[PDB]
Ligand code: HEM
Ligand code: HEM
Ligand SMILES: Cc1cc(CCNCc2ccc3ccc(N)nc3c2)ccc1C#N
Ligand SMILES: Cc1cc(CCNCc2ccc3ccc(N)nc3c2)ccc1C#N
Ligand SMILES: C[C@H](O)[C@H](O)[C@H]1CNc2nc(N)[nH]c(=O)c2N1
Ligand SMILES: C[C@H](O)[C@H](O)[C@H]1CNc2nc(N)[nH]c(=O)c2N1
Ligand SMILES: [Zn+2]
């Protein structure tokens, strides 16, 4: 590979030079003859697989703290090496855990919020043994991160994978999400994205209120055991009713959303160690709710209803009634969060901050991997600066990864 | 291997085999994706390329290994041997041109690919000739508002010193002027080209929407200036169906998007001059041309007139203004009976096209970064459509601006 790759911004003419891509560790899925950049997704580590992965990470940590080649560095290498030899795995120090979590975020190509990467509260839950204990750790996380509306980015990290039959898993895709219910007539109540998970919860014993915005229970698996249900205390679940600054009728739509986006189904990989339960949270970009959650056809799908209340001509697509309604909905989401003082960022601010982050990263780190397809917001793409910015995408480690759904793999006891 | 693409909204899963055919590089590697980067002969090289193309042409007309097929390969071989090149048949030319369009991974309008009027201009020898061919193209394609896709193909490259080139980036574009106070009048995208026209003798009206002259290079000679006859230039005054004040902005655009700086490659042959044209998707003008910061940049002016609060970005004043502008553009073109497609309609057609191509051809190369419209992305079906990008030939390629290579 070429040592220097250039990216250009076609709006500002600014040219950046990437050297960091040489540290790329895994495959993107693309080849020389085909690009898979719009594909959504294109038994444990053996001792010999584990050695060089650990060393790579340890070197990286010690390089970051300006102690590369030091006695403490060489000693840590030796201690790790001996641990893998005698136990087939190793345990990270707290400092290394914190560094690795922050870097998984820093390395997340698809995240437009990474300017904040170094400000991440890390909770070490590696001493947790039961699903009840996971619940306790999770409640504390939610309360800390919510902070009465002044959100704080955080991650809680449960014990790493051992033999793969003792995995810790949060079965929820996010800590807070709304139930979806399929009706006998084929219609869907609540959030259609969550129907499958909802059915599992009901089967596991959950009594469903069967409403439109029912906060799902936690379904928590510890040490490879069967998962257990827990209700999050409602006072810990911060929600915002959606209203519009001009349209008095908007509140009559009865919409609301939760303040804390807290993804709980990813896998954190550090130094070849695998943390299958590592729920993390930041705060929302408005479009996540206003465009995707509300206006996707396979989600809440509210465009028609809003357009009708806006008295728009909905007969021809060329009237842009959809686009017109889309903007008002996103105005409403941002207005409601700001009014209740719950942290949220609009897509203009977020993308402008990302450009500055990207430029800084190129300066100090020699690059910043970015997935344009994900970075560009789902509305008004070209009026944000990221649209015009060439990006290079590649995978650095530590990283957040997708993993299979736990109900697909779990061995029921 | 067979590759699958999934639509995440419909859950439809298509299977791509067509990608196995590509031999050209994309720029990405196993470790680095360049999907958002805008830009990632000899007898010996020439014959296999010719052979590949003849083969797929005769394969496409259901006569692979026919008597005609064998003879053509032999004929082409002799011609490359004895002349260092070869000439396409008319049929091959037309097939080649339609397929370059079909294979254009960045084009959302490809449902139309087989409907393309091909104007053969390979007998052209002078800039005056080029002008004549171009006028006929514009007149035919414009068709009084009922636009018709067309391509005019000028003689292929020989030694590189005698290229035919249309120096304009589009046949019809507006001039851009650098003002004493450092601002720009008209279209900033064309400031450089405009300056070259001025220096070559063009007397500029110095307005906001001055139709540029044609600057035409034939056979490697110095380019020459021509004024397109105004009656051939269809333009649309932009008004809004609800905001009576919108027409007071004095905005307009031309009806015919006619890209003129690309290179058409067929069977190893290079057509450095091949202006082609279709019709507009509204966002091209309403989002990019009008609202890009580096273009006409009208958002602030429009938002003023809408009396929006422009203090905080979270008011989404830009997004509001953007929608209204695009409403105006569509309404204006439609009211004037000038062909235009909205991004909802176009992306919808593109999905149907993809379905067609997977069914009959085994896939469809597509560049999601370009296919998804620059506004309202995820409320169009292409946002939710996984796409595989790969390079098939015949193709349209970029080439350098002629003023960076030409000696006078
Ligand atoms: C602090 C404010 C943050 C903002 C505004 C933000 C913004 C975003 C947005 C808008 C996306 C696209 C999500 C989607 O469309 O589904 C995203 C993706 C992502 N974010 Fe961030 N984020 C923040 C914090 C975090 C944190 C704290 C982490 C981890 C420590 C993180 C890691 C990721 C990852 C791994 C993805 C890719 C998600 C996927 O592939 O499904 N982000 N972020
Ligand atoms: C008939 C109606 C057509 C529509 C609605 C349409 C639509 C579009 C749009 C919106 C783009 C993106 C352009 C940009 O953002 O700059 C594009 C790209 C492209 N189109 Fe089409 N198009 C049409 C006809 C054609 C024709 C007739 C040809 C050639 C024979 C063609 C070949 C291409 C190529 C090569 C690109 C890529 C341009 C580049 O790489 O800069 N299209 N099309
Ligand atoms: C349909 C689908 C969607 C997704 C995106 C989920 N990722 C959301 C996410 C992740 C991290 C975030 C961090 C901050 C924030 N505001 N939003 C964040 C949102 C993944 C997989 C599939 C599948 N299959
Ligand atoms: C600034 C820049 C822009 C571009 C995109 C031009 N693509 C226009 C185009 C091409 C073909 C079209 C076909 C139909 C249509 N409606 N519009 C069509 C518009 C490429 C290179 C550079 C550079 N440097
Ligand atoms: C098909 C396409 O890859 C898919 O719809 C992607 C596009 N870009 C995205 N970008 C973000 N931020 N989030 C998404 O879910 C998606 N979906
Ligand atoms: C940097 C990025 O590749 C560039 O801005 C692209 C993005 N997608 C695009 N898509 C279309 N249709 N037209 C464009 O000019 C661009 N520009
Ligand atoms: Zn790629």
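Protein chains in written order, with my numbering: chain A, 1 to 413; chain Y, 414 to 821.
Note that beta-carbon positions come from the ideal geometry of N, C-alpha and C, so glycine has one too.
Roughly how many angstroms separate the alpha carbons of residue 84/A and residue 49/A, rounded to a whole number?
Position 84 of the first chain holds residue 84/A. Position 49 of the first chain holds residue 49/A. Going by the C-alpha atoms only, they are around 10 Å apart.
Do you know how far the Cα of residue 45/A is from the Cα of residue 513/Y?
Taking the second chain and counting its residues from 1, one reaches residue 513/Y at position 100. Taking the first chain and counting its residues from 1, one reaches residue 45/A at position 45. Straight-line Cα distance between these residues: approximately 48 Å.
Residue 289/A beta carbon less than 8 Å from that of residue 257/A
Here residue 257/A refers to the residue found at position 257 when the first chain is read from its first residue. Here residue 289/A refers to the residue found at position 289 when the first chain is read from its first residue. By the CB criterion at 8 Å, residue 257/A and residue 289/A fall inside the cutoff.
Indicate, with yes or no, if ligand 1 has a heavy atom lying under 7 Å from the CB of residue 110/A.
Numbered from its first residue, the first chain carries residue 110/A at position 110. At least one heavy atom of ligand 1 is nearer than 7 Å to the Cβ of residue 110/A, so yes.
What span of residues does the alpha helix (DSSP H) with residue 349/A cover, start to end?
Position 349 of the first chain, counting from 1, holds the residue named residue 349/A. Its alpha helix (DSSP H) spans residues 347-365.
Is residue 421/Y near ligand 5 - that is, is its Cβ less than 7 Å away from at least one heavy atom of it?
Along the second chain, one-based indexing puts residue 421/Y at 8. For ligand 5, a non-hydrogen atom lies closer than 7 Å to the CB of residue 421/Y.
Identify the residues that DSSP records as bridge partners of residue 431/Y: which are they?
Taking the first residue of the second chain as 1, we reach residue 431/Y at position 18. Beta-bridge pairing links residue 431/Y to no other residue.
Please give the ranges of any alpha helix (DSSP H) in the region 712-746 of chain Y, keeping only runs that are unbroken, at least 4 residues long and fully inside the region.
Listed in chain order, the complete alpha helix (DSSP H) runs (minimum 4 residues) inside the region 712-746 of chain Y are 712-718.
Apart from the five residues just before and just after residue 266/A, which ones in its own chain have a Cβ nearer than 6 Å to its Cβ?
Reading the first chain from its first residue, position 266 is the one you call residue 266/A. In the same chain as residue 266/A, and ignoring 5 residues on each side of it, the C-beta atoms closer than 6 Å to its own belong to 400, in chain order.
So residue 374/A is in the alpha helix (DSSP H); what residue range does that whole segment cover?
Residue mapping note: residue 374/A aligns to position 374 of the first chain, counting from 1. Going by DSSP, residue 374/A is part of the alpha helix (DSSP H) stretching over 372-375.
Is the beta carbon of residue 691/Y closer than 8 Å to that of residue 583/Y?
Against the second chain, residue 583/Y aligns to sequence position 170. Against the second chain, residue 691/Y aligns to sequence position 278. In this structure, residue 583/Y keeps its C-beta atom at 8 Å or more from the C-beta atom of residue 691/Y.
Whole angstroms is fine: what's the gap from residue 296/A's alpha carbon to residue 325/A's?
In the first chain, the residue the question calls residue 296/A occupies position 296. In the first chain, the residue the question calls residue 325/A occupies position 325. Approximately 13 Å between the Cα atoms of the pair.
Taking the continuous beta strand (DSSP E) assigned at residue 270/A, which residues delimit it?
Start at 1 with the first residue of the first chain, and residue 270/A comes out as number 270. If you look at residue 270/A, you'll find it in the beta strand (DSSP E) that goes 267-270.
Residues of chain A with a CB under 8 Å from the CB of residue 706/Y: which are they?
In the second chain, counting from the first residue as 1, residue 706/Y sits at position 293. Neighbours of residue 706/Y in chain A, taken as residues whose beta carbon is under 8 Å from its own, are 11 in chain order.
Leaving out five residues on either side along the sequence, give the residues of the same chain with a beta carbon under 8 Å from the beta carbon of residue 3/A.
Here residue 3/A is taken as the residue at index 3 of the first chain, counted from 1. Correct list, in chain order: 19, 22.
How far does the alpha helix (DSSP H) with residue 387/A in it reach, from first residue to last?
Walking along the first chain from the start, residue 387/A turns up at place 387. For residue 387/A, there is no enclosing alpha helix (DSSP H), as DSSP marks it with neither H nor E.
Does at least one heavy atom of ligand 5 sit under 7 Å from the Cβ of residue 798/Y?
For the purposes of this step, residue 798/Y is taken as residue 385 along the second chain, with counting starting at 1. Flag set: Cβ of residue 798/Y near ligand 5.
Counting by C-beta, which residues lie closer than 5 Å to a heavy atom of ligand 7, in chain order?
Here the residues close to ligand 7, judged by CB distance below 5 Å to any of its heavy atoms, are 30/A, 35/A, 37/A, 441/Y, 446/Y, 448/Y in chain order.
Name, please, each residue of chain Y whose Cβ falls closer than 9 Å to the Cβ of residue 357/A.
Walking along the first chain from the start, residue 357/A turns up at place 357. Within chain Y, no C-beta atom comes less than 9 Å from the C-beta of residue 357/A; the nearest is roughly 17 Å away.
Compute the Euclidean distance between the alpha carbons of residue 557/Y and residue 749/Y, then round it to the nearest angstrom.
Counting from one through the second chain, the residue named residue 557/Y turns up at place 144. Counting from one through the second chain, the residue named residue 749/Y turns up at place 336. Taking the straight line from one Cα to the other gives about 10 Å.
Could you work out which residues of chain A lie near residue 726/Y, taking near to mean beta carbons separated by less than 7 Å?
Position 313 of the second chain, counted from the start, is the residue given in the question as residue 726/Y. Those are 346, 348, 349, listed as they occur along chain A.
Do three or more CB pairs link the region 348-363 of chain A to the region 55-72 of chain A at distances below 8 Å?
The region 348-363 of chain A is not in contact with the region 55-72 of chain A.
Over what stretch of residues does the alpha helix (DSSP H) that includes residue 251/A continue unbroken?
Looking up residue 251/A in the first chain gives position 251. Residue 251/A -> no alpha helix (DSSP H), and no H or E assigned at all.
Pairwise C-alpha distance: residue 726/Y and residue 392/A
Within the first chain, numbered from 1, the residue matching residue 392/A stands at position 392. Within the second chain, numbered from 1, the residue matching residue 726/Y stands at position 313. If I take the Cα positions, the gap works out to 28 Å.
Residues of chain Y with CB closer than 8 Å to the CB of residue 322/A, please, in chain order.
Against the first chain, residue 322/A aligns to sequence position 322. Chain Y residues near residue 322/A: 757, 789, 792.
Between residue 462/Y and chain A, is the shortest Cβ-Cβ distance under 8 Å, so that the two count as touching?
Walking along the second chain from the start, residue 462/Y turns up at place 49. No, no contact with chain A.
Using a Cβ-Cβ cut-off of 8 Å, state whether residue 428/Y counts as contacting chain A.
Along the second chain, one-based indexing puts residue 428/Y at 15. So, not an interface residue.
For a test of the three-state rule: what should DSSP assign to residue 169/A, helix, strand or coil?
Along the first chain, one-based indexing puts residue 169/A at 169. Three-state result, residue 169/A: strand.
Looking at chain A, which residues of the region 441-454 of chain Y have a Cβ within less than 8 Å of any of its Cβ atoms?
For the region 441-454 of chain Y, residues whose beta-carbon sits nearer than 8 Å to a beta-carbon of chain A comprise 441, 442, 443, 444, 445, 446, 447, 448, 449, 450, 451.
Beta-carbon proximity of residue 638/Y to residue 654/Y, cut-off 8 Å
Within the second chain, the letter at position 225 stands for residue 638/Y. Within the second chain, the letter at position 241 stands for residue 654/Y. Against a cut-off of 8 Å, the Cβ pair of residue 654/Y and residue 638/Y comes out as no contact.
Just the Cα atoms here: how many angstroms apart are residue 277/A and residue 135/A?
Along the first chain, read from residue 1 onward, the residue named residue 277/A stands at position 277. Along the first chain, read from residue 1 onward, the residue named residue 135/A stands at position 135. When rounded, the distance between both Cα atoms is 12 Å.
If we ignore side chains and look at the alpha-carbon of each, how far apart do residue 595/Y and residue 453/Y end up?
Working through the second chain from its first residue, we reach residue 595/Y at position 182. Working through the second chain from its first residue, we reach residue 453/Y at position 40. In a straight line, the C-alpha of residue 595/Y is about 33 Å away from that of residue 453/Y.
Can the beta-carbon of residue 180/A be found closer than 8 Å to that of residue 195/A?
Residue mapping note: residue 180/A aligns to position 180 of the first chain, counting from 1. Residue mapping note: residue 195/A aligns to position 195 of the first chain, counting from 1. Yes; because the gap between Cβ atoms is below 8 Å, this pair is in contact.
Relative to chain A, which residues along the region 735-749 of chain Y have a C-beta separation below 7 Å, given in chain order?
Contact annotation: in the region 735-749 of chain Y, residues whose CB is within less than 7 Å of a CB in chain A are 735, 736, 739, 740, 743, 747.
May I have the straight-line CA-CA distance separating residue 656/Y from residue 308/A, to the nearest angstrom?
Residue mapping note: residue 656/Y aligns to position 243 of the second chain, counting from 1. Residue mapping note: residue 308/A aligns to position 308 of the first chain, counting from 1. Rounded to whole angstroms, residue 656/Y to residue 308/A spans 21 Å at the Cα level.
Is residue 527/Y near ligand 2, judged by its Cβ being under 7 Å from some heavy atom?
Working through the second chain from its first residue, we reach residue 527/Y at position 114. For residue 527/Y, the shortest separation between its Cβ and any heavy atom of ligand 2 does not lie below 7 Å.
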